[PDB]
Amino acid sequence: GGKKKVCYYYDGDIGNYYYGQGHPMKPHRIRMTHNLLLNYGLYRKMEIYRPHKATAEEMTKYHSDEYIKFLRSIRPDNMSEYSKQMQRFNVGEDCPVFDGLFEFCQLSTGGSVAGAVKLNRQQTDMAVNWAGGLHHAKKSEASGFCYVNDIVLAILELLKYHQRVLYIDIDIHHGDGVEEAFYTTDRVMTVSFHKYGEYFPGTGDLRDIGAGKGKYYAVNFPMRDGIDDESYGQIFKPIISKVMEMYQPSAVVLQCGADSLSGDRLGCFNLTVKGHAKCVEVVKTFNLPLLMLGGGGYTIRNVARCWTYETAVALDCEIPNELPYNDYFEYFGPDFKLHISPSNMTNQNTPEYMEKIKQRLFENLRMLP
């Protein structure tokens, strides 16, 4: 279907935002990703844009006025005066107050919405924003290290010109905030693959299928610890092929959270970078306008490898396994290679479990017109 035009979004300030001592979310990983892919030469093959800052008003296309007014006002120096509001909006613990919090949200969001506009205008085939994908944020509260739902805002932009939009989420966590926003409409189908059972955020059972006009337009594949490349590959291409056939979307959003990789500080899966990136290859073959976003990922050397390789896949550009010199070279020892090995952890997802869940999801997809 030909090679694709790619527009990529990055702000050089993004890596300086700091969630605080000990916090696993590290914006620096987006700077590591950028520096690695520049050193592979991938800037020669794509257009690189700075995101604009999304305004408070633009954010209220989804979020409440009261929540956005609070996010644009709260600072470490005035926290004591805002104790009540912090609790209501779920800020100040897992989702801390840090210097420049609102600006970080504006740049994360700006990349996703700018990419959506470029796709709507038919000025690109693919848009990429590795600072986006913050899928847990809700209408009026922060959740799961996410404050503003850049994904929901980008999908609302795509819906100006697309009757049906497909959302796919390969982060290890359930895409709860995106699913909730579109739970009662058939104009967005949401498809999430995730660890389920005594795990954050607690939602995404296979029996969660949507409601009202949106019944059968939410799809959830719950998984156990230790899934590997073979098992994930067993089910991803067949599921997405059936969704494409039945739903017939005109645009796609793919959240590429890297916390589903082997060795993640918070995750419990066993995928390689090649296994994760096979998902990008499958979605790209349908030749639809595609927005590719970031997400979780807590072992930062592997996040940089994953998103560098997935940028190369979007470009159909082969790159060597030997890493080029870069500003973070020491982070990639002791091997200094791009690709990673799986661990010897047990895969609790039997082949029979994988086929049975797939078969139940196929039953629900037969209910589409």
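Heads up: residue numbers just count along the shown sequence, starting at 1.
**Prompt:** Mean CA B-factor: is it higher for 209-217 or for 175-183?
**Reply:** Averaging CA B-factors over each stretch, the winner is 209-217.
**Prompt:** 74-82 versus 242-250: which one carries the higher mean Cα B factor per the record?
**Reply:** Result of the comparison: 74-82.
**Item:** Given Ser143, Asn149, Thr299, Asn287, the residue at which the Cα B factor reaches its maximum
**Value:** When the deposited C-alpha B-factors of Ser143, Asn149, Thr299, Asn287 are compared, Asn287 is largest.
**Asked** Highest Cα B-factor in the deposition, which of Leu107, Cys279, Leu134, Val97?
**Response** That would be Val97, according to the entry.
**Prompt:** By its CA B factor, does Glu322 count among the lowest, middle or highest third of the modelled residues in the chain?
**Reply:** Highest third - that is where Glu322 ends up once the chain's C-alpha B-factors are sorted.
**Request:** Relative to the other modelled residues of the same chain, rank the CA B-factor of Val303 and answer lowest, middle or highest third.
**Result:** Its C-alpha B-factor belongs to the lowest third of this chain's values.
**Prompt:** Hey, what third does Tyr199 fall into on Cα B-factor, ranked over its chain?
**Reply:** According to the entry, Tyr199 has a C-alpha B-factor in the chain's highest third.
**Message:** Please place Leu365 in the lowest, middle or highest third of its chain according to the CA B-factor in the PDB entry.
**Reply:** For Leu365, whose C-alpha B-factor we compare with every modelled residue in the chain, the answer is the highest third.
**Item:** Within-chain third of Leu36 by Cα B-factor, per the entry
**Value:** It falls in the bottom third of the chain.
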